[PDB]
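Included below are structure tokens for two forms of one protein chain, each presented in isolation as structure 1 and structure 2.
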Structure 1
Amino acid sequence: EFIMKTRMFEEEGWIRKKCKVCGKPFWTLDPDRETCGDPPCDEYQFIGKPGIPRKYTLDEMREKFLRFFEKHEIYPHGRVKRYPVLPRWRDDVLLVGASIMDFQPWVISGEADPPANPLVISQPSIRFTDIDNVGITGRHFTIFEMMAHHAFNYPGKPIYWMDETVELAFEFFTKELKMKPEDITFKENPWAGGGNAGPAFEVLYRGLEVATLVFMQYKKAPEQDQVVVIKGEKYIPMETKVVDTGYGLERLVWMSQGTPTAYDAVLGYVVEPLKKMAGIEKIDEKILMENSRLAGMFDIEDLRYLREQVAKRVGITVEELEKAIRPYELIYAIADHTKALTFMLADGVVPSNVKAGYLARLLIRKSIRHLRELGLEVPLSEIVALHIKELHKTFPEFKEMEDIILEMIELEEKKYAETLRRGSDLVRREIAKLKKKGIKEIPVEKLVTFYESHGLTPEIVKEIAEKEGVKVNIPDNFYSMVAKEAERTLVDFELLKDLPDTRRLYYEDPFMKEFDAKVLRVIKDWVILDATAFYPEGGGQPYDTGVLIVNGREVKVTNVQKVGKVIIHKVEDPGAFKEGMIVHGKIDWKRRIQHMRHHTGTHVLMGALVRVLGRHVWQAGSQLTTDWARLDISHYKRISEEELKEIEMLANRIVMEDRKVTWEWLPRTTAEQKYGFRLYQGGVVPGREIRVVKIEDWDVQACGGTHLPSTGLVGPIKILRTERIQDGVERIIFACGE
């Protein structure tokens, strides 16, 4: 659908062709090349014959790339510090998949200023869409570093675009890594991801896709026909034009090494130790190389038949070959998965049964199972330390979160031991139920139930079911299909867009309890005003209540809500109010002064929690009433009664200390800079500016509720009780005041 001519192509005499195999547009400097350069159209042609002159380490290669764009003569890029793989700034993706995801949607919407323009970043990325490929294809990981130079072109203000991009890329490959310029190809394919799309180039070299360049000018939907489908979704054009690049670091370092897998090249410090521990034998070469070569020719969306095609090829039976490579697949996955695990846990992912947590856990189960398949009994946490020992030099937080990380593994590995036992029994029982029910195989669906609810991988369900004559049928793409199952998924509308924003008098003065305002509109029994001291529901804090005095009558405000920027007021007498009218409002103050205490107190508590429990602690939920308040956090073990006391004790020391509680609007990016992602506790607030409440040297938080000037005014905090809401979420209940 899109064009794809660049200056460079036109000037240096590239030819655009349609691949003989797949018919896709691609750009080659070589008039012979008939295929796109991408498997299965091409093979791996760099194993033992590296495609980059010298040998690079992960650390050299990263620093190379980073330096190149940072110091570039023509376009200098701003260097940006990598983001947590746990997307604290948004609510739509579970983990960080591409580097661009760091910048959706706020930066790409010009709602938030980019940290640089252009910018260069090395971004840890996690993709479970390829989890079944790890250890098989030799090129996929769960966790890899996407290196990227990004450029945000807001209207009437270019940085750079398509032409300059294919160049800075092509420069780096040839003038930095010294790649053979007529082995580079540029395949055309659009790229969609995390809310945006655009046409893109797949940079292909010697049989391995090493980079991807996206020219992003699209945003999703919403539910109205200047639309374009990019990958079976709907987009409309967008104001910004963004340069989305993605450079496979691992893939490049593999290239400068020619080892049999990218894993041997990047994850040596884990793979080779593990080979000794398994006592596995250094595989036959005429077997190893004639499998290493053909490995890139098969993905899964039927691995069986590749196995027969390398069997026939090399000269042996499938089992004979299975025997040979199988241990290597397992070692690679373990090495990989456990690195994914190190990055997630350090970024405060707490294993559980939902969202990111679910994933960490999945990863842990698959790992343990592989260790058991290799007949190894080294604890998982020991593998993980190898990753910490190695990476804590470049990633300082791995050493800082090291105890929480290791400990978290321990407990999950303990818990698995038992979950297996009772699960094995529970499944066998309800399989024996099915043999007689007349079922000889076990559907995929049921196999996914057995993981979802019992915690059993199907390498376990297949044996248990065969020691009773039902069949071992594991889909190749199982684990990725399981990873999909990690997420799920009103009062007044319409007549509101035309009305102005409601002035929020509670933000100017939280102690304001009386005010006057003009009745802007009276839909149903909801009254709209221009300005209001009534705090609408949201934040964990419930609505304010009180009276609106109108023509000398008191009318009760029973509910205050907020649609968009317009706050609605449920009254008892919709008749008594007319558009135009001037009303005197009075807040039910007691109810409010109580709420503020439970609010401020929640932040004081939040501070204490982090200080005892540690850094992984993040709001999972909040509810307060005038009486008690509750704060669900994300934690792994139970909060002991000795801790519960230390938390409460520290909290009360701060209420005693009477520290300043101060709030101020800040542009999103300055805010995230000054204070880090901690600000995004409960929720992720929209808009160009955010309200930052801070308690002096204690807590800081993008929060929109009404607070108190000073902690003294909270009064003592009695922690009533802690309790476990679900895996990874514990709950602290308490009540403040006199």
Structure 2
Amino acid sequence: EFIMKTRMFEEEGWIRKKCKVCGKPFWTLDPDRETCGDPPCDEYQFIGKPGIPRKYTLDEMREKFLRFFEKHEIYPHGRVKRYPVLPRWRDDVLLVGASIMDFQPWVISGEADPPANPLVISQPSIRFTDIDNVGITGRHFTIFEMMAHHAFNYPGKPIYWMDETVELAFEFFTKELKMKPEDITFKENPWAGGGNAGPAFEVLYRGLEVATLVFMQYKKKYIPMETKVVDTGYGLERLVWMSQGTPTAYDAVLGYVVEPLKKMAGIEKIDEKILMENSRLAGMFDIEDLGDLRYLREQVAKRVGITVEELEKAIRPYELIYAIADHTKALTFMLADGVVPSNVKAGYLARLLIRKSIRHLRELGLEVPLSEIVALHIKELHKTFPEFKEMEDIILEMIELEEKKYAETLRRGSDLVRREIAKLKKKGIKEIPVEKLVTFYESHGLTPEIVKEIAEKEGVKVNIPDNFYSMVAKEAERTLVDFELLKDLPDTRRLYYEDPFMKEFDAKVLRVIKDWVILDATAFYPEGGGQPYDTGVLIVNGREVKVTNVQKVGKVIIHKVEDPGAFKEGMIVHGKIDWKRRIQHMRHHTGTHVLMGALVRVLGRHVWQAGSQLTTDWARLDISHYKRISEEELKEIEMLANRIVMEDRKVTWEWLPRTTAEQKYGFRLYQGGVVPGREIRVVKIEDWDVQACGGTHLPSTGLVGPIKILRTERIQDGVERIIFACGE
């Protein structure tokens, strides 16, 4: 069904072929190539023979890729600062897994401009599905950099497409990296991606997939997208490995940690051969899970000429160290970018990495706190990611707390499981199924190695699944008032955005549905952003009718009134807001913002809203934080907040197109989560705090009055709550 002719292929005489092994179509310059270049059709040919003529470091390659595309004479790209691995701009994924995710949904739908079109980027990406392969295959990482040039072809506005994309790739590979042209293949491999799909190439060189070229043009035959998006992905680590020729990708990227851990653990350094042959066959042979670690192991055993026991003896220490190295790097990005360990979402993933890593250290027989290993990452990488230096104290503290709290979790967890194993055993069970091993982790925090020595110690079975961790990983992703009769109406003019001191107004009745009145313009605040609705009255025929609720549906606001029969379509009414109720909310809402700037500064940049609610008497703010707020910190925050009131800084607002706002102010805007619209409403407290926000704010901080913090409470692991009161 899929085409894939390109101008380059035609002009340069590339041949389209069906692979003899996988049957799939691929393009080649080699008249003698019969296979697609992709394991198991072909094999890694570069271990001990770098296929890139000179050795590169991560830093060297990243810059090389970014430079080439930035300085291109026919298609220059804007260079774009990587985004956090924690997607603040969307609420549907836990972690960034791919550079394209920076630009979903808003840029692709056209609702937000690209930062630059076309753009070039190097995006740290995290993938938990490969986790059980890390340190075992020689090429899988939790955390890796995806380099990409992207182009967003909006209708009427071509940038570039397939012809240019494969010319660009081929140029970068052949002119910049000096790879052999007759050794590169472009394999056709249609792509489906959840939401959308299109034709794709895999670029293959000496058996390694060095790049993915994807042309998005269908969304959920399927259904053709309006915007055509060039979505590339080049693996930094794979490219570095292709230039080093080391027995594993880990020795090429994580040396600064692999070696230190070998020395400390003091481990009998392996026959290099075994490590080379493992990676070789691990290519040819995916862990499609099932039970095939055991077939991989048997295979490398026969090739090196030893038993699986002596193999396991020799490799395991390497497997452990590779995994610790990878997992700690991933935890540095995650924590730096704002992940607080916990039992939910990315906190749960951070916690999983911490616990998995600690157990690897214990299986090595290494007595070294995990934080020390993170420190190595901070030392090597802060040059190119300054944020690691800035966050260092918080990152290391979070690790130490988790390490310390893990030691207790384990003693009481051991006792608790041992008892419920014995229960299962006198219930005629001698196995323990996947599901229950998962639950043991999920609710007692024990990893399957621990369970098994407890279990076999009273006649019950260990059977740790090869894919245990990628399983547990899947768990992190847990889980109308008035409709449609509105769509045909104009957006309500929000007078409270023009003047948040407007207490009276005039307007025209557009609809009366049941007991909700709909105006053409209103100064009544609709519920949202933790700010309750205004109340007040509407006046019609000299008849005052109380407003008791004010909600928003799309862009149309509805007023709940006590007497719907007083109003008819076309009637002119006189609005009058309850000023006391409004003024107390304004104080609490702006207070909440004064607060957030104080919390961030006293606790740290990882501080993110998690919940927020205000009333006429008190407000509360829930935040992501990794420990109790101490009495002293409480007072430190209250002081700092009160200093900003007394200082009377300007509070201002403006609308900005989404990508502009983000690029000026960073992703801190997205506190209450994420807001639709081509343009967003930015509330700013001068040199203090800045937020994408819908509510009504005071012009000045002075107008908030004294801010008294009432108390603090834990809500759950990772979430602390602060309750305060504003005004004199």
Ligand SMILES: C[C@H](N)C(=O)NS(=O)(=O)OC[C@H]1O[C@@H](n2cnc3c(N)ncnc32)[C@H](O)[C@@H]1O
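By rigid core we mean the largest C-alpha set that fits within 1.5 Å across both forms. Residue indices: 1-based, along structure 1.
The form solved without the named molecule appears here as structure 2; structure 1 is the other form of the chain. Superposing the rigid core between the two structures leaves a single residue from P124, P510, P542, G194 with a C-alpha shift of at least 2 Å: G194. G315 shows a C-alpha shift of 2 Å or greater between the two structures [criterion: core-superposed Cα displacement of 2 Å]. A movement of the C-alpha atom of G704 falling short of 2 angstroms is seen between the two structures when the two forms are aligned on their rigid core. Relative to the superposed rigid core, the position of the CA of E285 differs between the two structures by 2 Å or more. On rigid-core superposition between the two structures, the C-alpha of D32 is found to move 4.0 angstrom. Taking the core as reference, the C-alpha deviation of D183 between the two structures is 2.3 Å.
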